[PDB]
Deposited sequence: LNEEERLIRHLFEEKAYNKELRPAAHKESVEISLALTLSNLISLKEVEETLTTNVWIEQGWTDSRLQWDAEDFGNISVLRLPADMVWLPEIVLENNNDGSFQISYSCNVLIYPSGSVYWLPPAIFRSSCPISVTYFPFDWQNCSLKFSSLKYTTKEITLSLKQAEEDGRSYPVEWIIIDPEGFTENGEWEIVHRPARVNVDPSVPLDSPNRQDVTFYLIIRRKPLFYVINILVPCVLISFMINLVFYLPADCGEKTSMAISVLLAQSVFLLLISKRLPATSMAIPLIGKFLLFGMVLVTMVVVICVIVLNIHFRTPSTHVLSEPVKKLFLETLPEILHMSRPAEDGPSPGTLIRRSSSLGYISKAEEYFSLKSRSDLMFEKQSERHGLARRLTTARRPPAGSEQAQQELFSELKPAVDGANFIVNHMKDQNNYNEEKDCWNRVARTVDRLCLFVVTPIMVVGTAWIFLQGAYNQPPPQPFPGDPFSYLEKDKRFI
């Protein structure tokens, strides 16, 4: 007969295996070694604050009840069994937000003659990742996958990281494993740090299953080329078009219309970028701050355009152009910025005098109109030179804050260890 059939009959029927009992004495804990292999970072939804990841979770322990002598079973050195046939530590993801605690596919366990149970199920985990929006789209996020057992406490099992060997020296695997044969790079997020820790909380009581856990952290930087090329550049150019209204004349040039149209474009950008991020109150997004600053600036420019148009369309019959404003806005600022016959012809002379006086009055009217136009143009130039530097400095400051943001050199502030494979800490 098959040696596998004989071995299964020996382990499970002759010896009467009981999967409900731990493989240890009553006052002894089972040592569970945990590792994580990231096959694919499926997504990070910011509005829902959810990290979807494809991960193979590697669990290992020793079951002395499932040991055999290979010589007695045709030198068989490995056996695949259903996971439901053996005791499991029942490691679950504590950070799930959709309610899926368990692994996706409950594959087989591999058992060896020494009694070592090795399990490597895959899973698609949807974990809760709170999002920092302060530097979007130049932001980096710090998500975590927390694994623990809700069925057993620290008295029953003992979680630990997987131990690997190099030239005979043992070291713990303190990082998320990235198999080149089973890893796919995400097009939007690049992994900067991927440490792994065993956390024990002394605050909670020893009989709480949440006392111990193994946390695999993913510090990931967004690749901002998409948002820079598609969102930021059009919005910034449309915002900086506002400075052109100062160059428009005050008669045909629809200064107010162009300014409010820039405002409408900014409002559309703000409302269609607000949907791409959650509604958290921790901070305002960088793009949101820039859009608010630009909209306030455009509002001020619209008010300035209204005032300039008001000044331009003044008349002698409506306003008086006083000497001090005249000198201020036409001399100083432009400089720094840059008998019977006589009875029959009495109607002739009277008409000529009246016509001449009419034309003189019209000339004075036109000159005052031109002076008001010149004052309006001076105010426009002054407001240009005041507003454009303020618009260019604010934009530069905001986007330099965005660009210079980068993740910390170390995964954990205050911990000098780099959690890199090259810096493996031999035991």
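Chemist: Spell out the unmodelled ranges of the deposited sequence for me, N- to C-terminal, numbering from the first residue.
Modeler: Going by the record, the one segment left unmodelled (no C-alpha atoms) falls at 339-406.
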